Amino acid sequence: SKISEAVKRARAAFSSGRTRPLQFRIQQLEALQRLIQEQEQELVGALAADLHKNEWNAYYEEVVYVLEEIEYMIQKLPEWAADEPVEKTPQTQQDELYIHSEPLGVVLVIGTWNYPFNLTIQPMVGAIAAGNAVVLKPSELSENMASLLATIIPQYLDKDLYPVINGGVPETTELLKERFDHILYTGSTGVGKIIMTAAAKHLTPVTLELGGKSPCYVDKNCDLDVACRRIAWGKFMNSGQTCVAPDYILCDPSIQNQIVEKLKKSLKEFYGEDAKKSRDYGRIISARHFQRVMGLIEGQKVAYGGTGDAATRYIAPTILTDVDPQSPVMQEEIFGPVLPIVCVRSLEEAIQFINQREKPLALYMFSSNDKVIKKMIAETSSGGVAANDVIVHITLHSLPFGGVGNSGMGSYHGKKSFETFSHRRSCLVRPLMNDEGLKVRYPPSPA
């Protein structure tokens, strides 16, 4: 099949030794830098057509992070790839002890549709840096970006080492029968199970970046003008379609109306009276997701928004009040511009609420009390945490990005990408010289 042949060529190219010299890997990363620069308009056009992004947010909410990653990895690659001496003991003073990093082989990156450039190429950057061949499967739901990458990736990168696999669910299923040395998947919790099950057939390690409802706790006595502007920004970017969007708010009932008012104020600053006319507001990816998100508004109290246009997949920025935690909008990851407010009567109740649910990819808290922040972190578990902001923690080179429990396993970004896509091999090198300190180990044992 075309899939088998593509994987076979990538494997043969890897086994030839082509990717081992750092110079080769840097040449490929520099080719990706050129692709991003030369194809800027085409990348913007694809993201506009798929998700209703514009020239500015295509770059500053997505493409720029890929560039930052490439530049950082080129800079640090020689240091990261070096053999790493480790601590000795008195019995190992004459020995060499070190960690050797080496590629895994052929890595599969399965992209997702909501940041279809970042969530295909930023993982690929790390896997190239670690000296692997990298097969890419873009998501079919972001059709324009999938077609674009199929054209431009082989225009810039080694055609055998870094193939793009076209198609949808059937093609992904076929692809998952091939033997890889690592799979990174971004997407849903339920499909993550399917990936890990396919991986098990070949004992392939996985990085799974999955889902959940990222809670956003807002403390009673904090600056709500600042908090709500930050929350609105991260909730409503990409029309709510972000893995670490603050999915819902937990707050004391006494501040619910203040939160509604300040969210509305910020939404109007950001997108105007009619968000459908804002160049900065996105659209839902597909008809199925549009219907799904609209359905989550049914039965709810709408404090703002609550309308949509099916033809162009616009959903007005929507705020829901006094939400029942058992209702549909509180029983699945929203992935859309619908923000429910659930009342809780204390920090302790908020912590209980979070802990009774599955572990989220992100947990957020807004408070000017550092003790509240530390308590909530200490007593909960989530992939990552931001206090007094949203989103930003997954963009930093020094903070590995990943989930826990149903939000996933493993992590990447920066140095962690290099480690994730390498095997770190423990090495002991001894002199081949008779040693008297060793003789105690050999039989016969002493009485």
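Position 1 is the first residue in the sequence shown; the rest follow in order.
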| query | finding |
| --- | --- |
| Between the two ranges 44-52 and 31-39, the one averaging a larger CA B factor in the entry | 31-39 |
| Which of 426-434 and 14-22 has higher mean CA B factor, as the PDB entry lists it | 426-434 |
| Selection by C-alpha B-factor (highest) of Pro116, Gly168, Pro340, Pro317 | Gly168 |
| Out of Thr197, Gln91, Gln291, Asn238, highest CA B-factor residue | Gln91 |
| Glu379 CA temperature factor, ranked by third within the chain | middle |
| Within-chain third of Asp252 by Cα B-factor, per the entry | middle |
| Among modelled residues of the same chain, the CA temperature factor third for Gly192 | lowest |
| Position of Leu399 among the chain's modelled residues by C-alpha B-factor, lowest, middle or highest third | lowest |
| Chain-wide C-alpha B factor ranking for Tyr98, given as lowest, middle or highest third | highest |
